[PDB]
Amino acid sequence: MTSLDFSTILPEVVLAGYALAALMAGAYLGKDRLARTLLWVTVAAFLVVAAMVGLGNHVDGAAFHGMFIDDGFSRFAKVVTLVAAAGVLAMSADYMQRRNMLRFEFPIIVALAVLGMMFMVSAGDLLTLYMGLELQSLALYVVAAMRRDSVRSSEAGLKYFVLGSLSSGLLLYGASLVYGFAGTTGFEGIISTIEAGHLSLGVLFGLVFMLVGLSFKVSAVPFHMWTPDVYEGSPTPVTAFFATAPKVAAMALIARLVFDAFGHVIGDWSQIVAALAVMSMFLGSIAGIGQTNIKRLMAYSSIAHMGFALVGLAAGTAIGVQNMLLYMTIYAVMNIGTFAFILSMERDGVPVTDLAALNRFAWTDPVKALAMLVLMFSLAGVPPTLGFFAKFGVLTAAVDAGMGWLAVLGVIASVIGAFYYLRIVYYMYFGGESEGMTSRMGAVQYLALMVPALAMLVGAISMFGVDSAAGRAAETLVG
Amino acid sequence: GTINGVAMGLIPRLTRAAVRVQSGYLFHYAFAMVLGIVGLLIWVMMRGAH
Amino acid sequence: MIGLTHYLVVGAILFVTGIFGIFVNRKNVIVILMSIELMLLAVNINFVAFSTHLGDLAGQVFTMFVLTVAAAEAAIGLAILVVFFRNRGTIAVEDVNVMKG
Amino acid sequence: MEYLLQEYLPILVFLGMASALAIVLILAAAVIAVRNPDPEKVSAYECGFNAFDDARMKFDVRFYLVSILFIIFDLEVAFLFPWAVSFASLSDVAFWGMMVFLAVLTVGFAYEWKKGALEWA
Ligand SMILES: [Ca+2]
């Protein structure tokens, strides 16, 4: 550690320092009487750290013998993760208090998970990748199971823990093979050794194990079956978190690994990523048709959308990475909007999650249904929504790389998936006899629905430089 | 008959298979992950070392 | 003569055994926690084997951190199992099945 | 390796020797003492009256949480042994890095204590 190393990781130290101080403040000055105050200070902390990461002048570099990489790619990913995490906490604050779920440790656990994500996207070494991933994963298991009186929370944590641990073991086994072949954990050393003429079955086995281990975290098929059960079982605020911030961090990590460690064997891993993307797009679309629980529908929506994002990465190009980044940004915005509405659903003062509760909602609350309509067409990828332009970008990358067969399959699965988004619109606007679901939203939760919904249309006019920012970020990674 | 047979006969039939495979049993989900790795390893082996 | 391949073979056997324990167990979630520990032990055998045969300490450093996460995983795994047992009265794998579809 | 042969082979040899001594002591009575088992003799002891049940029932462990924290604290102390052995050669970062590491440990320990996790359920 030099003073230059410490400066590079300063945003991470600031977040880590806050988490420790918040833990002591909550323990010694009121415990749950500070729970509401700690949640909102955490939201400010996430935004402050994002400002440190994203604002001012930045010069790309590395710290700690290359184990930590501070480049434009990692800065793009961190900002989206932190802002998405801040959004989920802010919009869920009222819901958790009403449901007697706001422990003063919940904001802190989320903060340490985000800290793990920040080390994931800036990994320049296999050990940094692992420690960042495991700090995030352990925090995610806890919040999945934090509704103690719910057998479904306990089962969600149990399934996530067991399958997450299995994927982590596979990731470690591949990481051990890669280290044995290359003689080092640093990616700059690894990339120089993994090249066309020297790929033994052993090192190719290592890549497969690492890829499969990571593809679990983005719910790629057939490493996806945890997602529907965990999404259903966990508290809806925790489900909203799983759907936005970890997926962005995990998707960026996969791009970091395949380009900074396996960037000279693109041909080998591009085919595997494409096969994952195909299976995820069709299963997510087909399985989503059979869902009656809205939370469980969003899991299959999540799986299908990660398949599309993987199409951009399967391209193996700077444009593919640029468009994968924009896709994840737009996907996170859409999920924040949708889960803001899902949190509000309730009948007789208790939360409700079944799709039939939406019948004729458009004639109960016109503005909220109109927002939900824009989000469903945005998730379906239909113009003029910003969700369409996300799909357009990854499809552009695929065709640009001579993978039109992947683009054709991608758009076909989109048609199947469009059915269950259309069905939600059908229920709200011309559905069957209504059972009195009401949407309870405070000011913050209300803006968590409207602003993402407005962004789906305003973004169609101007992306406000985000598309250009993603291109610069992709260049620093791919080179 | 063809259009409805595909849109309303086939795709729902594939939906029911997908729902069935999501059995809810933890050991089945782990089996799927192991089948995925084993299948991918078979794919890598056929391409060979190179 | 014992070379690297000997240790990798032992690692592979323990690794497959630990993976096998997860997706064949039905009656006890604690035995799954034991299988996860077998799987991570197999990983450390690889890291130590590669480390000593290369003459490098990184693999041994990696092993120390795998133990750290293994300890944290066991603590959280048992804590999650405790809350399930309280809510269900059982820890059989076949009983972690309410959510499906 | 010489270090293995000179220092660790004796451990393996003595492990067998100590095992042989313990086994011979058990077999001494097994071969010499009179064996005369009957159903009352081999039944379970509960102070003269028959046991209500055997000892294969669930039992609440009121120190379960402390035992989970025992696992965590075990790994924390493990990082100190290489540090203590290397103490003479430590750099300034290596020294104060441990102090930061131990400070994070103490925050966790203060959280357990204040929460009440060290009191039995
Ligand atoms: Ca690169």
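What counts as what
- Residues numbered from 1 in each chain as written, not as in the entry; some residues may be left out.
- Chains lettered and ligands numbered in written order.
- Part of a larger assembly, values for the part shown.
- Heavy atoms only, no water.
- Contact = heavy atoms within 4.5 Å.
- Salt bridge = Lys/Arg side-chain N within 4 Å of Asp/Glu carboxyl O.
- Polar contact = N/O pair within 3.5 Å; in protein donor to acceptor, adjacent residues only side chain to side chain.
- Helix = DSSP H or I, 4+ residues; strand = E, 2+ residues; numbered from the N terminus.
- Nonpolar A, V, L, I, M, F, W, Y, C, P; charged D, E, K, R; others polar.
- Buried < 20%, exposed > 50% of the residue type's maximum accessible area, 1.4 Å probe, protein only.
- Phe/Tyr/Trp six-rings, centres within 6.5 Å; stacked < 30°, edge-to-face > 60°.
- Donors = N, O, S within 2.8 Å, 3.2 Å for Na, K, Ca; no water.

Undergrad: Whenever I open this one, the interface of chain A and chain B confuses me. Can you help?
TA: The accessible area lost on association of the parts is a frequent measure of interface size. Listed as interface residues are 36 residues of chain A and, on the opposing side, 24 residues of chain B. Between chain A and chain B we count 0 salt bridges in total. Linking chain A with chain B are 8 residue pairs in polar contact. Counting only elements with at least two residues in the side of chain A that touches chain B, the list comes to α7 (151–182), α9 (201–217), α10 (226–233), α12 (266–288) and α13 (294–314) of chain A. Residues belonging to the side of chain A that touches chain B are distributed by class as follows: 24 nonpolar, 8 polar and 4 charged.

Undergrad: Explanation requested: the side chain of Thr239 of chain A in the structure shown.
TA: Residue and element names in this part refer to chain A. By the element assignment, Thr239 lies in helix α11 (residues 236–260). Looking at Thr239, its side chain comes within polar contact range of the main-chain oxygen of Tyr231, at 2.7 Å. Not counting the four nearest positions on each side in its chain, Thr239 is found in contact with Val230, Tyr231, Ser234, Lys295 and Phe339.

Undergrad: Is there a simple way to think about the environment of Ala380 of chain A in this case?
TA: Residues and elements named next belong to chain A. Following the sequence through the fold, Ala380 ends up in helix α15 (residues 366–380). Since its relative accessible area comes to 7%, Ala380 is described here as buried. With 37 residues separating them in the primary sequence, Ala380 and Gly417 have C-alpha atoms 6.8 Å apart. For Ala380, the contacting residues outside a window of four places in its chain are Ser414, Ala418 and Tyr421.

Undergrad: Just to check I follow, could you spell out the packing of aromatic side chains for this structure?
TA: Think of a pair of aromatic rings as described by two things: how far the centres are apart, and how the planes are tilted against each other in angle. Using the criterion set out here, one finds 35 aromatic pairs over all chains in the structure. Each ring, one from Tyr141 of chain A and one from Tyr160 of chain A, has its centre 5.1 Å from the other, and the planes form 90°; the classification is edge-to-face. In this pair, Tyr141 of chain A is assigned in helix α6 (residues 126–144) and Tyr160 of chain A in helix α7, connecting sequence segments 19 residues apart. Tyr141 of chain A sits in the buried class, given a relative accessible area of 1%. Residue classification places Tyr160 of chain A among the buried positions, given a relative accessible area of 6%. Taking 4.1 Å as the distance between ring centres and 15° as the angle between the ring planes, the aromatic pair formed by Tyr173 of chain A and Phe15 of chain C counts as stacked.

Undergrad: Looking at this structure, how should I read the pattern of salt bridges?
TA: For side chains bearing opposite charge, pairing can occur when the charged atoms are close. Residue and element names in this part refer to chain A. For the structure shown, the criterion picks out 14 salt bridges over all chains. Here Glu155 and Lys159 are joined by a salt bridge, their closest N and O atoms 2.9 Å apart. Of this pair, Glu155 and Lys159 both sit in helix α7, separated by 4 residues, roughly a single helical turn. Each member of the pair, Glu155 as well as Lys159, is classed as buried. Salt bridges linked by common partners bring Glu155, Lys159, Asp229, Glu232 and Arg296 together as one network.

Undergrad: Would you mind showing me how to read the coordination of the calcium ion here?
TA: Six octahedrally arranged donors around a metal ideally form angles of 90 or 180 degrees; four tetrahedrally arranged donors ideally form angles of 109.5 degrees. Residue and element names in this part refer to chain A. Within the first shell, the calcium ion binds the protein through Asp260 (OD) and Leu477 (O), at distances of 2.3 to 2.6 Å. Here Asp260, found in helix α11, pairs with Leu477, found in helix α19 (residues 466–478); they are 217 residues apart in sequence, far enough to count as distant. Residue class for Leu477 comes out buried when judged on its relative accessible area of 5%.

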